[PDB]
Structures are given as C-alpha cells and as structure tokens.
Amino acid sequence: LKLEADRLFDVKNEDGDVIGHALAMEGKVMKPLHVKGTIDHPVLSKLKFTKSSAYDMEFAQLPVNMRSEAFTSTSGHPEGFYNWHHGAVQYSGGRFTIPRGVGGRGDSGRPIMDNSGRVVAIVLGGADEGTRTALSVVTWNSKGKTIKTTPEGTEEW
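Residues numbered from 1 in each chain as written, not as in the entry; some residues may be left out. Heavy atoms only, no water.

This entry, as listed in the PDB, derives from X-ray crystallography and reports a resolution of 3.2 Å.

Going by the PDB entry, the chain carries the name SINDBIS VIRUS CAPSID PROTEIN and comes from Sindbis virus.

Structure (structure tokens):
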C-alpha cells in the first residue's frame, strides 16, 4: 500500500475539469500561471497568490500546519531517467523528454522527481520533436535561481 502526504492538488475550470495541478514544496503552494482555475482545496483556494510571470509561476505561502506535508527541490541532477505520473521522464543534454502521445492538458503543474524523492522540475508544456516530446519546465540551478526551459514549438498544457 501507498500512503502519500498532502502535496499535489487539483486545479479545476468553471465546470470542474482538471486542467492543471498545484504543489506544496519548499514552504509554498505553487501552480503554473497559465492554468486559469481554482485549487480544489478549502484552505489553499482562499490564499493570496503572488504572480511570477517570468517563470509562468504563481505561488502563495503554505499555512504553518501544512508545512510538514511538502516536497523538496534539488539542484544537482545528472543525465539518466527520472519519474513522473505517466512513468519514466528522461534528462538528456539539458532537456527532459517523454514519448509522443503521453503529455497533454492537465499535465501542467506535476513534478518530475528522482528516486530519492526530490523534485527536479515542474512541467508546463511540450513541443514534439518527432518521436519524443521535449518538456518546457521550471527548473533550478546550483545557486538557487530558478531557470525556465522552453523548447521550440512548445504548446503549454
């Protein structure tokens, strides 16, 4: 059996469709800015969100309590395979890549993470490079600063 904390939340549209996800990580609730909807959570949906347009990110501070049920980011990540909801992701030459036909609407927001459980990046969109989809993500470098990879022809999910 799998018992996993309160970290990934649904973001629904007007009639209720899941159009994206929001995550608890490093003391903040966060979600892609382009995802226009409401976080499906009684406490989280009422918080005041700060807009970070240069990274397609929108974040608010995790309530003192929820602070323990949260992910953790990680700077150092070599090439190789990673994990995500739909299976194995793939860091290769500075860009993550998943098979064609896997990514789609509602997949923006979910984390890509290692085997140790640290979040490497968060998904935003994808540009199809023939047989694999290159991912557009918010990732982070050695001295903290977050980077924002965006492939050519990326259509945000």
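What follows picks up the thread again.
**Observations concerning the domain arrangement of the chain**
Defined as follows: Residue ranges assigned to the domains are those given by an automatic or database domain assignment. When two parts are brought into contact, each loses some accessible area as probed by a 1.4 Å sphere; the total of that loss over both is the buried area. Within 3.5 Å is the distance limit for a polar contact, defined as a pair of N or O atoms, with the added protein rule that one can donate a hydrogen and the other accept it, and that residues adjacent in sequence qualify only through two side-chain atoms. Labels follow the DSSP assignment, with helices taken as runs of H or I lasting at least four residues and strands as runs of E lasting at least two, numbered in each case from the N terminus.
Along its sequence, the chain is organised into domain 1 (7–71) and domain 2 (72–157). Here domain 1 and domain 2 have C-alpha centroids that lie 19 Å from each other. Roughly 1600 Å² is buried in total at the junction of domain 1 and domain 2, and carbon and sulfur atoms are behind 62% of that figure. Its largest share of buried area at the contact with domain 2, domain 1 owes to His 34, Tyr 55 and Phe 71, together 35% of the area lost on that side. Run the count over domain 1 and domain 2 and you get 7 residue pairs in polar contact. The dominant element in the side of domain 1 that touches domain 2, judged by the number of residues it contributes, is strand β2 (residues 18–25), at 6 residues.

**A look at the nonpolar core**
Applied cut-off: Here, nonpolar core refers to any group of buried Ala, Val, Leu, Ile, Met, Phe, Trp, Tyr and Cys residues whose side-chain atoms link them within 4.5 Å. Partly exposed residues are those whose accessible area sits between 20% and 50% of the maximum for their type, while under 20% is buried and over 50% is exposed, using a 1.4 Å probe and protein chains only. Contacts between residues were defined by any pair of non-hydrogen atoms, one from each residue, lying within 4.5 Å.
In this structure, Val 89, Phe 96, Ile 112 and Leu 135 are the most contacted members of the largest nonpolar core, which totals 13 residues. If you list the elements that add at least two residues to this core, you get β7 (80–84), β8 (87–92), β9 (95–99), β11 (119–129) and β12 (132–140). Element by element, the count of residues in this core is highest for β11, at 3 residues. Excluding anything up to four places from it in sequence, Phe 96 contacts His 77, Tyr 82, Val 89, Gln 90, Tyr 91, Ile 112, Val 120, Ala 121, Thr 133, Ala 134, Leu 135 and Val 137.

**Focus: the pairing of strand β6 (residues 57–61)**
Keep this limit in mind: If DSSP finds at least two bridges between two strands, the strands pair.
Two strands pair when backbone bridges link them, and strand β3 (residues 28–32) and β6 are joined in this way by 5 bridges, in the antiparallel orientation. Residue pairing for β6: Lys 31 is matched across the bridge by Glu 58. Examined bridge by bridge, strand β5 (residues 50–52) and β6 share 3 bridges and lie antiparallel to one another. Counted as the bridge partner of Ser 52 is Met 57 from β6. Count of turn residues in the β5/β6 antiparallel hairpin: 4 residues, of which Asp 56 carries a positive phi of about 60 degrees.

**Brief notes about the sheet that holds strand β1 (residues 8–12)**
The strand order across the open sheet formed by 6 strands is β4-β1-β2-β3-β6-β5, and the pairing between neighbours is antiparallel. Looking at strand neighbours, the two that pair on one side only are β4 (38–39) and β5, the edges of this open sheet. In this sheet, β3 lies alongside β2 in antiparallel orientation, the contact comprising 3 bridges. Residue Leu 23 lies in a different strand from β3, and its bridge partner there is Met 30.

**Thoughts on the UniProt feature "active site" in the chain**
Our working rule: UniProt positions are given in the numbering used here, feature names are shortened, and annotations may be inferred rather than shown by experiment.
When the UniProt feature table is mapped to this numbering, "active site" covers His 34, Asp 56 and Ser 108. A stretch of 75 residues holds the annotated residues, and the largest C-alpha distance among them is 10.8 Å, short enough that they meet in one place. Relative to the helices and strands, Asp 56 is located in the loop between β5 and β6. Leaving out residues up to four positions away in the same chain, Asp 56 has contacts with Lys 31, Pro 32, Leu 33, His 34, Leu 124, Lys 148 and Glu 156. Relative to the assigned elements, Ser 108 resides in the loop between β9 and β10 (111–113). Note on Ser 108: relative accessible area 0%, which makes it buried. Once you skip the residues sitting within four places of it in the chain, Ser 108 turns out to touch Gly 20, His 21, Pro 32, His 34, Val 35, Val 123, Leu 124 and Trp 157. Among the polar contacts listed, one links the side chain of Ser 108 to the backbone oxygen of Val 123, at a separation of 3.4 Å.

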